[PDB]
Amino acid sequence: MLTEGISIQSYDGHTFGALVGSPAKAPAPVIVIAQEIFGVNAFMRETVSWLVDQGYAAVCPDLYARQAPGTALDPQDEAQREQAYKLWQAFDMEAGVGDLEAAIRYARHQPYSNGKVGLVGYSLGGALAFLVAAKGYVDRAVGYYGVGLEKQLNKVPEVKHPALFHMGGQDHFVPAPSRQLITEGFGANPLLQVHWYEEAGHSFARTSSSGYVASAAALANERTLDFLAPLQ
């Protein structure tokens, strides 16, 4: 779902919608949520309400709007899950970071915003969170099981704002060597932080997933809440 009337525009002219969640009391820091490859779907809504109850405002931009606006896919549905793979395969990460940048500007200026903006990303969004972090567009970013992180190691020296990552130990998407590259690369920057949940795989934090692990999810989400706390 997307909020009716919300329209964010990128430097190149493209405009896209977003599922917005206003805070209970204002002003409050805004958390821009970067999606997985399934668009603004059920988990994205779940995530929106999770953060508003924790005391934040939430903005989940429709990043697939350049390819297919309003797309919201079900990972458990074979057909839909495949559309996701197709859209992900055509996804342009540069524009993704640009739209994210625009959504970040949107958030800092809302009547309820306190000027603080954090960014949380899952899967595809986990890679984007790292990149926005390397660009320095946010106060602090968090990534959940980011894919292709090992391919972005050269940007490690560029991140000058705190960033936290949660990676599952038995994540198929992350081969053992990738783990070594990631851990070794992130470790040097005192502002990056990567935790590995040994008994967890991919999407361990999304309940609909079979990879969901309650203890891993609980710890990960707790660390996320304490890392974001300074923004309030």
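Residues numbered from 1 in each chain as written, not as in the entry; some residues may be left out. Heavy atoms only, no water. Residues with missing side-chain atoms left out of burial classes, pairs and counts.

For this coordinate set, the PDB header names X-ray crystallography as the determination method and states a resolution of 2.50 Å.

A. The arrangement of the packing of aromatic side chains in detail. According to the stated counting rule, one finds eleven aromatic pairs in the structure shown. Arranged with centres 5.8 Å apart and planes meeting at 65°, the rings of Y145 and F204 form a pair that is edge-to-face. Within this pair, whereas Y145 is found in the loop between β7 (140–144) and β8 (163–168), its partner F204 is found in the loop between β9 (192–197) and α6 (214–228), the two being separated by 59 residues in sequence. A single burial state applies to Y145 and to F204, both of which are buried. For the pair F165 and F186, a centre-to-centre distance of 5.3 Å together with 80° between the ring planes defines the contact as edge-to-face. Here the residue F165 occupies a position in strand β8, and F186 occupies one in helix α5 (residues 176–188), the gap between them amounting to 21 residues. (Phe/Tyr/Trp six-rings, centres within 6.5 Å; stacked < 30°, edge-to-face > 60°. Helix = DSSP H or I, 4+ residues; strand = E, 2+ residues; numbered from the N terminus. Buried < 20%, exposed > 50% of the residue type's maximum accessible area, 1.4 Å probe, protein only.)

B. Geometry of a negative patch on the surface. On the surface, a cluster of negative charge is contributed by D74, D77, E78 and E82. When you line up the elements, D77 lands in the loop between β5 (57–61) and α2 (78–90). When its relative accessible area of 32% is taken as the criterion, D77 is described as partly exposed. (Patch = residues over 30% accessible without salt bridge, like charges linked within 9 Å, V, L, I, M, F, W, Y side chains within 5 Å. Areas by Shrake-Rupley, 256 points an atom, 1.4 Å probe, with all protein chains shown as cover. Salt bridge = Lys/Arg side-chain N within 4 Å of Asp/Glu carboxyl O. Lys, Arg positive; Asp, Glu negative; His and termini not counted. Charge placed at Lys NZ, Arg CZ, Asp CG, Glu CD.)

C. Here's a closer look at helix α4 (residues 124–135). In a regular helix each residue adds 1.5 Å, so twelve residues correspond to 16 Å; α4 covers 17 Å between its end C-alpha atoms and thus fits that length. Among the twelve residues of α4, eleven are classified as buried, and the element is accordingly described as predominantly covered. Burial in α4 covers these residues: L124, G125, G126, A127, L128, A129, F130, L131, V132, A133 and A134. Looking at the residues trailing α4, positive phi occurs at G136, about 85°. (Expected span 1.5 Å × (residues − 1).)

D. Summary view of the sheet that holds β7. What the seven strands build is an open sheet, ordered β3-β5-β4-β6-β7-β8-β9; its pairing is mixed. On the outer flanks of this sheet lie β3 (18–21) and β9, each paired with one strand and no other. Taken over all neighbouring pairs, the strand axes of this sheet differ in orientation by 15° on average, direction set aside. Strand direction decides the pairing type here: strand β4 (residues 28–34) and β5, joined by three bridges, are parallel. Bridging across to β5, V30 finds its partner in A57. Helix-sheet contacts for helix α3 (residues 93–108) involve β4, β5 and β6 (113–122), and the interaxial angle to β6 is about 150°. (Pairing = 2+ DSSP bridges. Axes fitted to C-alpha atoms, helices over the stretch in contact; angles between N-to-C directions. Contact = heavy atoms within 4.5 Å.)

E. Structural detail: the side chain of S113. In this fold, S113 is placed in strand β6. Judged by relative accessible area, which is 11%, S113 ranks as buried. Within polar-contact distance, the side chain of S113 engages the backbone oxygen of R108 at 3.4 Å. If near-sequence neighbours (up to four positions away) are discounted, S113 is found in contact with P27, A28, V30, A107 and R108. (Polar contact = N/O pair within 3.5 Å; in protein donor to acceptor, adjacent residues only side chain to side chain.)

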